[PDB]
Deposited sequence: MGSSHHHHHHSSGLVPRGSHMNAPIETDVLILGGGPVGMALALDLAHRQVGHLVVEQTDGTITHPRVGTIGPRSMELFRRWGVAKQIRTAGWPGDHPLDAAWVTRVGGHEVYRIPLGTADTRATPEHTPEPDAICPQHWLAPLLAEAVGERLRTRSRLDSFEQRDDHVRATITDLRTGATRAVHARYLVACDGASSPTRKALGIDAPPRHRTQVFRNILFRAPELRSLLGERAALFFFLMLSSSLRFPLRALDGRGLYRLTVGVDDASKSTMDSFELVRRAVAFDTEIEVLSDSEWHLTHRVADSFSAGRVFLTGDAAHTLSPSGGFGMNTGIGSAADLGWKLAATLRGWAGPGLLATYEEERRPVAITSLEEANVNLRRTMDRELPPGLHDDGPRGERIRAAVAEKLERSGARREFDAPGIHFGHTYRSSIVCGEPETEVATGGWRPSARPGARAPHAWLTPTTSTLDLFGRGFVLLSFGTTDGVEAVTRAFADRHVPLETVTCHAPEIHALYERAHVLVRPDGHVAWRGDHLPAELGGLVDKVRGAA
């Protein structure tokens, strides 16, 4: 006869986002538990590209190294190429080097990475440990005044147990049963696109392609993308449906006569949706459950991870007791607008490919087809197609303009924006200073800092003060004092600390 289990945060869903939230909560020493209905095994990778901002967060949570050393070949091309057929005529290619050779980015200590879900999942599961309960399905929940009660069914054995948690964070996906149960709607913002995904293994295809290999192959037969999943034989063909045999589809897209074994052929319905509300009482929505966006630019999962990181610190602060009563509401305040708009940027990338048409003689071998291909190439570059593969602003430019920020692409320390990266040492970035409590960076004068420290202490708001004597970084941040939030974003800056510190403290913690 087992009794109710107690934990501060119960995370519903062990997908990438739910795991990201668990990592942040562990990093902040908040008791939590993750319940995942499946056994946690991946049979058909849905994600693989990890944006630089997400990698910075994985760096913070201590798993960035293993993600990078998970198995993506250091010498595999990262290029994006528009081709009339893989192995056939090439139309346009965006060179992106290789993991081992590309220049270290100047704006971030962590460039993007490739980690197919079948590697990421075990890796995330390993980092979350025993707090991840697989084959566990949350059947129902009931909110009470100071906690939420959930009934969990052990799908391995068959026994049902109850979990009493202070907060339930639903990371249960795009069709979020939890969102429905809360009576919150997520009205479509664009027509539902139905995609057919064919996961196949072609052991010798990379050898046949060689340097002509690519991470992304945008075919133009009739038009769709083919991806190198693990850079080791596993590929994924994505074709829009709006019906040939799975094997015959791949065969048509690949001009080579090589071993091709289709492993999976499932369907995917993408419906750009954003919840009208990101929470009800003590129940929260994160990831696709809160906002489903288009995968263009890997924008979807990266936004979920960023939203998970935002809710993580606001939850910790409230559980700790130093947060104002209105801090948790700022999760929706700051993250929904990121979805409401940012879901549009992904859509633009989808539209550009959905609208591109193909002319006659594009497959020809004569100098004519080579000329018409060069024609489409020019158009492609003009339509800004290389923007879906290079948009730092999209990964790092989101600036919060909220009730807890004191308002006043290139890295900027303006209030609301991500505090910029700069190397302290060859291994330590300004980013490595953020992630715990608030951080006050002072460039030069330390006059007035003791006042800030006391103001934060009077409210029990964690604050770490750092004096920096580096002009290059001071120039970068543009002000003498910069107050950074637990999430790495600037809450306030200025050459002179404000007069009413109590006001500042109550505002940034969501008490004002």
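- Of the deposited sequence, the ranges 1 to 20, 242 to 244, 266 to 270, 437 to 445 have no C-alpha coordinates according to the record.
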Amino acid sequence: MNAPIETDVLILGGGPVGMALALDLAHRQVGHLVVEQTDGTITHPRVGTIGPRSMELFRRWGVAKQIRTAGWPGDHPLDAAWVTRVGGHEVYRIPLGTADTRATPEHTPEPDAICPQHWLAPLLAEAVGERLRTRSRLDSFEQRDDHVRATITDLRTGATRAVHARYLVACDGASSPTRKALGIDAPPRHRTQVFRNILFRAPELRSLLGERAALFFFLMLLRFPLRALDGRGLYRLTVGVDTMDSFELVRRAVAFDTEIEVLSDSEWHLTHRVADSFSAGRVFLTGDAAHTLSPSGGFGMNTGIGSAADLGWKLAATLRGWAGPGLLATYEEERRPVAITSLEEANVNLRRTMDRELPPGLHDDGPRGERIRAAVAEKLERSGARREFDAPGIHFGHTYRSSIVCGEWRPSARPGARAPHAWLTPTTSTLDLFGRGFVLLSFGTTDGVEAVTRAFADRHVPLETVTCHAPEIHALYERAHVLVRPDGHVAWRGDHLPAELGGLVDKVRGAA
From here on, numbers count along this sequence of modelled residues.
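- Looking at the other PDB entries for this protein, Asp154 is present in the model in all of those that include the residues around it, rather than absent from a third.
- Annotation: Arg352 belongs to the positions left without coordinates in at least a third of the other compared entries, with flanking residues modelled.
- In this entry, the higher average B-factor at the C-alpha atoms falls on 362 to 370, of the pair 362 to 370 and 212 to 220.
- Of the two stretches examined, 125 to 133 and 371 to 379, the record assigns the greater average C-alpha temperature factor to 371 to 379.
- Highest C-alpha temperature factor among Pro52, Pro462, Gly31, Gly448, as the PDB entry reports it: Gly448.
- Taking only the listed residues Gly74, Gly324, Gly297, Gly281, the entry reports the highest CA temperature factor at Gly297.
- Sorting the modelled residues of the chain by their CA temperature factor places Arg479 in the middle third.
- Sort the modelled residues of the chain by CA B factor and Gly62 lands in the lowest third.
- Per-chain ranking of the deposited C-alpha B factor places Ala186 in the middle third.
- In the PDB entry, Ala470 places in the highest third of its chain by CA B-factor.
- When all modelled residues of the chain are sorted by CA temperature factor, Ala455 is found within the middle third.
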